[PDB]
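So the structure is just underneath, and the comments pick up after that.
Readers should treat all values here as calculations from the given coordinates under stated rules, not as data from a laboratory. Cβ: placed from backbone, ideal geometry, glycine included. Neighbour counts: every protein chain shown.
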Amino acid sequence: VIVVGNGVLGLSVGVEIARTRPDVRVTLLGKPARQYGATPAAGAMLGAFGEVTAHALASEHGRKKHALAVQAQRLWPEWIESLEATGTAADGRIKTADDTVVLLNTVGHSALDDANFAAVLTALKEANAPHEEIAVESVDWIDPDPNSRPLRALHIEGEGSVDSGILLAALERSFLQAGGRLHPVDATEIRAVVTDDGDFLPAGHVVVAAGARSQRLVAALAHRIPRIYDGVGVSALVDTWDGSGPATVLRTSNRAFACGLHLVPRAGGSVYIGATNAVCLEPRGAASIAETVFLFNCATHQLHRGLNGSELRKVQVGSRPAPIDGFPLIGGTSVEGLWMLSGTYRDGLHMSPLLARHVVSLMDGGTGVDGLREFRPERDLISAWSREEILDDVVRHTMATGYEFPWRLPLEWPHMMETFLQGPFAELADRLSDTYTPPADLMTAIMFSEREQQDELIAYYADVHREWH
Amino acid sequence: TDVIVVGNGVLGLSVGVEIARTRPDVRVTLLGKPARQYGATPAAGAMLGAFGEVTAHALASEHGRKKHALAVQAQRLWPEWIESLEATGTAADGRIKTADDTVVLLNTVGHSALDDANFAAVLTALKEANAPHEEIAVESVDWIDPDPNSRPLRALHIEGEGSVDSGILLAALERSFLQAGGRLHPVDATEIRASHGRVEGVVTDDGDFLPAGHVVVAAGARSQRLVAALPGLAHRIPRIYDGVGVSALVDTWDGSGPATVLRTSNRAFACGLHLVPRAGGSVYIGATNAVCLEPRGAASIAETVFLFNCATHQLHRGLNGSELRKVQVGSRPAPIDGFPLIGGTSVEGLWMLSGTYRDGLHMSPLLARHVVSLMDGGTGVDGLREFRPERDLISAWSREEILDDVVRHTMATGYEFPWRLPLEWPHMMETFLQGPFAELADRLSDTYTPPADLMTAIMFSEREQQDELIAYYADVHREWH
Ligand SMILES: Cc1cc2nc3c(=O)[nH]c(=O)nc-3n(C[C@H](O)[C@H](O)[C@H](O)COP(=O)(O)OP(=O)(O)OC[C@H]3O[C@@H](n4cnc5c(N)ncnc54)[C@H](O)[C@@H]3O)c2cc1C
Ligand SMILES: Cc1cc2nc3c(=O)[nH]c(=O)nc-3n(C[C@H](O)[C@H](O)[C@H](O)COP(=O)(O)OP(=O)(O)OC[C@H]3O[C@@H](n4cnc5c(N)ncnc54)[C@H](O)[C@@H]3O)c2cc1C
Ligand SMILES: NCC(=O)N[C@@H]1[C@H](O)[C@@H](OC(N)=O)[C@@H](CO)O[C@H]1/N=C1\N[C@@H]2[C@H](O)CNC(=O)[C@H]2N1
Ligand SMILES: NCC(=O)N[C@@H]1[C@H](O)[C@@H](OC(N)=O)[C@@H](CO)O[C@H]1/N=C1\N[C@@H]2[C@H](O)CNC(=O)[C@H]2N1
Ligand SMILES: NCC(=O)N[C@@H]1[C@H](O)[C@@H](OC(N)=O)[C@@H](CO)O[C@H]1/N=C1\N[C@@H]2[C@H](O)CNC(=O)[C@H]2N1
């Protein structure tokens with residue numbers, strides 16, 4: 001077995017294959033640099049209820065994803081125990097918090113933040129999950145600017161965070177302990193694996209978990225595996241002024257174009273703050289000025305003014321694998337022995353133990369986890385929303401980038417922008433395809449891409465229609 | 001991974017048959033004894049009731065118009081469902097279908113405020129749906145020989161609205177379940193075991209433990225009491241009470257029976273008169289309805305006399321000298337908020353199919369297909385999402401609507417007897433009933449109002465049972481507000 005990719009997904013499936021099949025040789029590819037790597041840039045939140053949006057829970061496909069995230073949560077305590085068991089005290093703790101506080105402030109669009117807070121509250125009630133709406137004065141540690149302060153707060157019990165760096169170290173250690181072999185090179189081509197040093201590695205099973213590069217690698221063998229783009233994410237490590245940190249995750253609901261504000265606790269007087277999100281049609285390995293300023297401005301005003309005078313340790317950049325139809329690519333292929341584990345966008349890390357168990361069950365002739373069949377990697381592009389829903393959503397999210405800044409402008413201007421944004425986005429959607437509509441996150445990226453890149457997408461969408469219809 | 005269906009009524013067996021047929025990979029085990037204690041299904045005629053079940057009150061609420069629509073959808077599944085159940089048997093097992101058509105009769109042995117309004121609502125709902133029917137001369141209704149003072153003056157022929165022999169249906173479902181690889185284990189579930197928010201399986205009343213990744217509760221009136229023992233769920237699954245129903249099998253004086261179902265519209269506290277044809281010189285007559293806070297396995301004298309008096313006067317005087325074969329008693333699962341409990345739970349693998357009151361049997365093919373679709377990652381049937389088993393109590397009617405309804409239905413118990421009393425007395429009772437029912441509704445909860453059928457049961461229950469309901473309603477408010 002060859003696993004292509006050394007993120008959380010690759011290493012998680014690697015650990016589970018090595019542990020449950022001691023007969024077979026499992027080799028895992030990928031370099032220590034982890035170029036464009038989502039996992040090392042992640043806090044990371046074990047996001048289930050925190051990830052709930054009104055928009056997600058209005059589509060069948062969105063309610064399934066949520067259900068899987070709830071299932072994944074139950075696996076984490078034993079998964080961590082089994083990964084820490086292969087190490088010692090000095091390797092550090094994977095878990096950094098047990099609980100999450102969701103904050104509602106007015107530094108955003110009412111159409112996102114008010115709707116999403118209500119949807120989180122609802123989803124917690126439906127699932128009988130332990131939680132309570134608490135007084136904002138009872139949230140520990142936070143010291144917001146009064147004009148940016150929360151007026152409502154939601155304590156979610158058993159929704160926590162891991163140190164993504166200690167998790168990766170623990171996965172590598174646990175992989176080696178179970179007989180896995182780490183070969184620090186990149187796959188160049190799947191033969192039905194040729195590595196970038198010129199060598200060839202034979203195998204009867206290849207699992208592609210190469211993050212945002214996963215589809216580009218399998219497509220060479222193009223219109224049957226949905227494209228994966230780079231959801232470029234910026235986060236930061238900060239040494240706090242006094243070495244303190246909050247006891248819980250602190251977060252807002254998901255915001256304009258799947259951005260969001262959160263602070264994940266870390267050991268040793270550090271905190272993680274994140275995270276920006278921009279779908280890019282080509283990969284990008286560096287934060288923009290705008291991304292850095294926006295992340296820092298939100299954290300200092302909405303969470304703790306003490307972060308203003310705190311020391312910047314590191315600006316982190318990773319690529320969320322962003323699937324063109326908005327849903328993951330998990331499981332089997334029309335090619336025997338070819339598996340794919342990618343397109344997890346915001347929550348691959350959270351779902352990793354469940355997704356790893358699913359793919360291993362499939363590889364052993366099982367059915368794995370029930371709800372994951374819809375997310376077969378070899379599929380027609382899913383249409384989880386009407387064109388109408390997506391056009392309302394993309395205009396709302398565009399307006400939200402203003403309210404999240406937050407801007408100050410004449411009161412006539414937001415009404416002007418609302419009406420003048422509708423036409424151009426409606427025109428783009430109609431021009432792109434008669435059948436497929438890109439989700440909002442990707443549609444804004446396409447709107448502000450070159451004409452050549454738009455035309456290439458029109459060809460792609462047309463070639464996919466001919467293949468499947 | 002193993003499926004356990006808890007309950008051997010029409011709902012349990014129907015979902016059992018559909019799981020076994022569409023998932024040949026998995027082992028499906030169905031629990032429940034041949035005694036079918038408190039069983040609604042074996043006490044049912046049963047009518048495939050869609051238009052016959054229409055009341056003015058039902059078609060005035062959003063929730064009521066949805067239920068009606070589902071009943072119309074369920075009707076279309078029955079011909080192929082019967083074909084597929086009879087296919088697993090032979091000639092000598094007998095026919096599931098006993099009639100194709102229903103005649104709705106309007107007589108004056110009831111309240112004008114129910115029977116006149118409900119006859120008009122049935123006529124309207126048939127017209128709206130473009131359903132085949134006609135208002136016919138009463139002299140053209142075959143077989144009936146009513147007492148002239150109890151006779152109908154209007155009659156409504158509904159085409160393709162018929163009846164099944166509930167006993168032959170149950171035998172055919174059991175046979176069809178075994179044919180599709182189901183296993184029947186004739187014991188009762190005592191306890192559902194769950195840990196870390198997932199079903200492990202079922203402890204049975206013989207002491208054994210059966211493991212499963214899917215448990216479907218279709219235990220009729222016992223369904224909520226079984227799931228409520230799990231953490232938090234006591235105030236998250238709406239209570240189901242016993243709609244105790246009395247019916248009878250009669251061997252007719254001459255071996256004859258009507259070619260159609262004969263029925264009135266639904267009457268005081270969802271209590272109705274009907275005759276369902278049977279093979280071999282027998283007829284089914286039903287059916288009484290009384291919500292009881294504890295289960296009851298035996299007919300009262302009052303229920304027996306009322307059922308027999310209505311049938312002999314309003315349908316056929318020949319039934320008076322006809323032989324009583326059997327008095328039947330079953331519990332219609334009566335949900336506290338008046339709507340079914342169908343679908344998924346906060347516990348993974350735990351499904352519920354119950355609280356169907358008067359029409360679970362009719363809706364069984366549709367409800368079975370819905371739950372199987374949900375179990376296979378589908379969305380099932382559109383309108384049934386509203387009836388999720390894990391919910392705040394639904395408030396489908398204002399307190400005002402329910403207080404008018406409970407007084408009207410109370411008065412209807414008089415006109416349906418039918419009573420003979422001084423003409424001042426009904427006006428006195430109308431005015432003196434309003435205060436006590438208004439007082440009870442206000443005392444019970446600031447937010448929830450029990451539907452009329454349940455409110456009258458609460459009115460005439462013990463003070464301890466009323467206080468327990470005040471606590472229940474309060475605990476449900478704290479859980480969901
Ligand atoms: C800013 C940010 C914040 C995040 N926050 C969260 C969070 O709060 N909660 C959460 O659950 N998740 C979070 N995530 C991660 C999210 O869940 C991702 O979906 C997940 O990390 C994807 O993991 P992966 O293994 O698929 O990809 P990656 O983590 O990108 O790993 C793929 C690896 O493959 C390597 N690779 C590329 N090409 C090749 C090749 N040819 N051969 C071999 N290896 C190759 C890459 O270098 C990389 O190391 C965050 C990500 C970002 C960027
Ligand atoms: C008098 C009367 C007339 C009716 N007429 C009609 C009609 O004309 N048309 C119509 O559509 N419907 C009719 N119904 C029935 C109505 O449709 C019901 O809603 C329906 O039968 C309910 O079916 P069920 O399978 O949920 O419950 P039931 O038929 O009550 O079956 C539940 C079964 O589960 C068993 N059980 C209980 N506890 C356990 C346990 N722990 N483990 C295992 N098994 C257990 C019970 O003994 C019972 O056999 C009538 C009912 C009655 C009482
Ligand atoms: N251009 C220099 C300047 O503005 N000096 C400030 C000045 O002395 C007062 O501020 C105003 N506005 O007069 C003062 C009130 O606290 O804070 C100062 N600013 C600081 N001091 C902090 C420490 O060196 C450590 N960490 C930081 O980030 C520094 N920022
Ligand atoms: N949260 C996502 C978001 O705001 N997306 C923007 C969105 O698509 C349009 O702007 C609004 N406000 O709607 C659009 C107009 O050019 O610019 C987007 N922003 C960008 N694109 C840049 C490139 O990826 C590289 N460098 C950056 O710093 C990125 N910033
Ligand atoms: N207590 C004796 C009695 O009253 N006998 C009746 C009596 O001879 C006449 O009626 C009056 N009122 O004199 C007579 C007119 O038909 O009916 C008699 N009753 C009957 N015969 C029926 C058959 O046995 C079958 N099933 C019944 O229900 C029986 N009822």
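Scanning segment A:76-100 for residues that are within 14 Å of another protein chain (Cβ to nearest Cβ) and touching a helix residue (DSSP H, G or I) at 6+ places or on another chain (Cβ under 8 Å) gives A:76, A:79.
The number of residues in segment B:210-230 that are more than 14 Å from ligand 2 (Cβ to nearest atom), more than 28 Å from the chain's Cα centre (by Cα) and not in a loop (DSSP other than H, G, I, E, B) comes to 1. When we screen A:297, A:254 for residues that are away from ligand 1 (no atom under 15 Å from the Cβ), more than 30 Å from residue A:462 (Cα to Cα) and polar (S, T, N, Q), the only hit is A:297.
Here the strands (runs of 3 or more DSSP E) wholly within segment B:231-331 that include at least 1 residues being over 29 Å from residue B:159 (Cα atoms) are B:240-251, B:290-292. Among the residues of segment B:332-351, those that are within 14 Å of another protein chain (Cβ to nearest Cβ) and either closer than 15 Å to residue B:11 by Cβ or assigned to a loop (DSSP other than H, G, I, E, B) (or both) comprise B:343, B:345, B:346, B:347, B:349, B:351. Residue A:344 falls short of the stated requirement of being more than 10 Å from ligand 1 (Cβ to nearest atom) and either buried (at least 17 other Cβ atoms within 10 Å of the Cβ) or polar (S, T, N, Q) (or both).
Among what's in segment A:287-299 and is among the hydrophobic types (A, V, I, L, M, F, W, C) and within 9 Å of ligand 4 (Cβ to nearest atom), pick the residue that is nearest to the chain's Cα centre (by Cα). Within segment A:287-299, the match that is nearest to the chain's Cα centre (by Cα) is A:287.
When residue A:249 is tested against (1) more than 10 Å from ligand 1 (Cβ to nearest atom); (2) touching a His at 6+ places or on another chain (Cβ under 8 Å); (3) over 20 Å from residue A:36 (Cα atoms), just one condition goes unmet, and that condition is (1). Screening the candidates A:407, A:385 for the property of being of a type in the set (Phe, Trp, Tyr) and touching a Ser or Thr at 6+ places or on another chain (Cβ under 8 Å) yields one hit, A:385. Applying a threshold of 6 Å to beta carbon distances and a minimum spacing of six or more residues, or different chains, the list of pairs starting in segment A:237-250 at a residue that is over 8 Å from residue A:269 (Cβ atoms) and ending at one that is surrounded by 15 or more Cβ atoms within 10 Å (Cβ to Cβ) and of a type in the set (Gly, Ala, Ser) reads A:237/A:270; A:238/A:310; A:241/A:306; A:241/A:310; A:248/A:97; A:249/A:97; A:249/A:161. Checking the structure you have, find out if any residue of segment A:128-145 is out of contact with any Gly (no Cβ under 6 Å at 6 or more places or on another chain), closer than 24 Å to residue A:80 by Cβ, within 14 Å of another protein chain (Cβ to nearest Cβ) and among the aliphatic types (A, V, I, L, M). Yes, the conditions are met somewhere in segment A:128-145.
From (1) part of a loop (DSSP other than H, G, I, E, B); (2) more than 14 Å from chain B (Cβ to nearest Cβ), pick out the condition that doesn't hold for residue A:394. Evaluating residue A:394 over (1) part of a loop (DSSP other than H, G, I, E, B); (2) more than 14 Å from chain B (Cβ to nearest Cβ) leaves (1) as the failure. From the list B:215, B:187, B:227, the lone residue that is under 15 Å from residue B:7 (Cβ atoms) and within 14 Å of another protein chain (Cβ to nearest Cβ) is B:227. All told, residue A:119 falls short of being surrounded by 18 or more Cβ atoms within 10 Å (Cβ to Cβ), within 14 Å of chain B (Cβ to nearest Cβ) and not in a loop (DSSP other than H, G, I, E, B). Exactly one residue out of A:154, A:176, A:103, A:182 is under 30 Å from residue A:86 (Cβ atoms), away from every other protein chain (no Cβ under 14 Å), part of a strand (DSSP E or B) and among the aliphatic types (A, V, I, L, M), and it is A:182.
Quick one: in segment B:300-327, of everything that is within 20 Å of the chain's Cα centre (by Cα) and surrounded by 21 or more Cβ atoms within 10 Å (Cβ to Cβ), which residue is nearest to ligand 1 (Cβ to nearest atom)? Result: B:303. For segment A:363-410, taking the residues that are touching a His at 6+ places or on another chain (Cβ under 7 Å) and closer than 25 Å to residue A:215 by Cβ, the one that is surrounded by the fewest Cβ atoms within 10 Å (Cβ to Cβ) is identified as A:374. Taking segment A:358-370 as the range and being under 19 Å from residue B:2 (Cβ atoms) and either of a type outside the set (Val, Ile, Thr) or part of a helix (DSSP H, G or I) (or both) as the test, the residues that pass are A:361, A:365, A:366, A:368, A:370. Tallying residues that are more than 18 Å from residue A:125 (Cα to Cα) and away from every other protein chain (no Cβ under 11 Å) within segment A:62-75 yields 1. Among the residues of segment B:69-110, the ones that are within 30 Å of residue B:139 (Cα to Cα) and of a type in the set (D, E, K, R) come to 4 in all. Report yes if residue A:198 is more than 16 Å from ligand 2 (Cβ to nearest atom), closer than 21 Å to residue A:31 by Cβ, over 26 Å from the mean Cα position of the chain (by Cα) and surrounded by fewer than 22 Cβ atoms within 10 Å (Cβ to Cβ), otherwise no. Criteria met by residue A:198.
The set of residues in segment B:136-151 that are in a loop (DSSP other than H, G, I, E, B) and either closer than 16 Å to residue B:120 by Cα or in contact with a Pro (Cβ under 8 Å, 6 or more places away or on another chain) (or both) comprises B:141, B:142, B:143, B:144, B:146.
Pairs are defined by a Cβ separation below 6 Å, a sequence spacing of at least 6 or placement on different chains, a first member in segment A:296-312 that is more than 14 Å from residue A:146 (Cα to Cα) and away from chain B (no Cβ under 14 Å), and a second member that is away from ligand 5 (no atom under 16 Å from the Cβ) and outside any loop (DSSP other than H, G, I, E, B); the pairs so defined are A:307/A:238; A:307/A:299; A:307/A:300; A:308/A:300; A:310/A:238; A:311/A:239. A single entry from B:374, B:366 fulfils the requirement of being within 14 Å of another protein chain (Cβ to nearest Cβ) and of a type in the set (A, V, I, L, M): B:374.
Exactly one residue among A:143, A:98 is out of contact with any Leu (no Cβ under 6 Å at 6 or more places or on another chain), more than 30 Å from residue A:71 (Cβ to Cβ) and surrounded by fewer than 17 Cβ atoms within 10 Å (Cβ to Cβ), and that residue is A:143.
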